[PDB]
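Before any questions on how it binds or moves, here is one chain, the form deposited in one PDB entry, in structure tokens.
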């Protein structure tokens, strides 16, 4: 397929954890970003067949999206907040990598990344 399987949202080999910061990442950070007007391209894995981006996964080797992040948070997949934050950063950087400066999709990611940074500036103790 043009599409690889989506990133795992569970892994029985990997230990689970719940922290105040991870709870906040789901309840506040993810769920607020999700409602932003520019969130829609990032709410699910890129479907290269649907979107006619046959080279997407030829270029992007560590795909990530907020649908996956949401499911990971719901499943207590992450060890800590930093691990989850890394997934958001991978999502943004993928967008900058696959596209180019000034593209509409990049303007969208830029705005979401700013809002994301505002929200993770302070996490609960």
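Between two forms, the rigid core is defined as the largest C-alpha subset superposing within 1.5 Å. Only residues modelled in both forms are compared. Numbering follows the first chain given and starts at 1.
Absent from the display: the form deposited in another entry. The rest refers to it.
Once the rigid core is used as the reference frame, the Cα position of residue 102 differs between the shown form and the other one by less than 2 Å. Residue displacement note: residue 14 has its CA displaced by at least 2 Å between the shown form and the other one (rigid core superposed).
Core-based superposition between the shown form and the other one shows that the consecutive residues, three or more at a time, whose C-alphas shift by 2 angstroms or more lie in one run only, 11 to 18.
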